[PDB]
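See structure below.
Please treat every number below as a calculation from the coordinates, not as lab data. When we count neighbours, we look across all protein chains shown, and the Cβ atoms used for this are built from the backbone with ideal geometry, even at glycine.
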Amino acid sequence: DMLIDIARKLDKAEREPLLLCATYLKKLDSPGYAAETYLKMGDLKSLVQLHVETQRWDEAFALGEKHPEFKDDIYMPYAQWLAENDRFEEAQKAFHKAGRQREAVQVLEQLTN
Amino acid sequence: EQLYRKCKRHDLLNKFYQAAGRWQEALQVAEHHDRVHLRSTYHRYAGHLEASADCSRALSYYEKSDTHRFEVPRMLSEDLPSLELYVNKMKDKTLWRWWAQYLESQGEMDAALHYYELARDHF
């Protein structure tokens with residue numbers, strides 16, 4: 001709560017305090033606010049890694065629908081997780097939502113074989 | 001082996017291990033790096049165990065490949081008592097349906113009904 005209030009009182013020019021807040025919020029297992037901070041700073045790659053690492057798949061999917069460039073970063077880990085659960089129909093849909101259409105085809109060809 | 005490892009081609013390395021008869025290594029590579037072939041590798045290994053006349057271990061690996069529903073009855077079709085023991089041990093619905101169809105063709109309708117009732121196959 002205090003790191004949030006500080007990060008909200010800090011200016012957008014204060015990168016070193018803001019990145020120290022975001023890294024402490026990650027270290028303190030507070031990914032929704034580390035996410036708000038990475039979003040305020042515009043570092044979308046660290047944000048999607050944060051949501052995939054903290055396994056917040058719903059927040060990840062919502063970010064990937066807003067920023068199509070991260071569909072691969074979210075659905076590759078999730079589609080691998082579906083394929084490892086033998087949920088290959090759902091995994092094939094997940095690889096497709098990732099933009100990984102060639103792998104969505106190759107997995108189904110491999111299952112057909 | 002070193003070349004296939006250097007390529008990161010765990011699929012060709014798994015086929016290689018199978019062809020070399022090194023099934024344990026093949027299963028380890030399938031379990032860690034080639035999870036999509038793992039059912040197929042268990043099925044092929046079960047086929048080689050069946051060919052090697054080790055039916056008990058073949059059963060365990062057909063079960064792991066989830067192909068026991070059609071491969072086990074094929075393999076034990078010559079030894080009916082063992083198949084009956086197996087069907088009674090797994091308590092699987094699909095297997096009780098198959099065993100009831102076998103009893104139905106042999107005319108043992110009272111036993112077929114008993115196993116269709118166990119299988120919940122009201123039809």
Original post:
Fewest to most neighbouring Cβ within 10 Å: what's the order for A:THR37, B:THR41?
Top reply: B:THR41, A:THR37
Subject >> B:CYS55, A:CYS21 arranged by Cβ crowding within 10 Å, fewest neighbours leading >> reply: B:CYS55, A:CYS21
Subject >> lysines with Cα under 19 Å of A:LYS71, excluding same-chain neighbours fewer than 8 positions away >> reply: A:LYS45, A:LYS93, A:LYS97
**OP:** Evaluate E = 1/(1 + (r/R0)^6) for B:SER82 and A:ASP29, where r is the Cβ-Cβ distance and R0 equals 41 Å; express this FRET efficiency to the nearest 0.05.
**Re:** 0.15
Original post:
What FRET efficiency comes out for the pair A:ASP1/B:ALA111, r = Cβ-Cβ distance, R0 = 45 Å, nearest 0.05?
Top reply: 0.05
Original post:
Applying the Karplus parametrisation 6.51 cos²θ - 1.76 cosθ + 1.60 with θ = phi - 60° to the phi angles of segment A:74-83, what ³J(HN,Hα) value in whole Hz is obtained for each residue in order, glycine and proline being reported as x?
Top reply: 9, 6, 4, x, 5, 5, 4, 4, 4, 4
Original post:
Taking the Cα centre of each part, how many Å lie between segment B:59-111 and segment A:50-71?
Top reply: 47 Å
Original post:
How many nm is it between the label spots at B:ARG57 and A:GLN106, if each spot is 7 Å from the Cα in line with the beta carbon?
Top reply: 3.4 nm
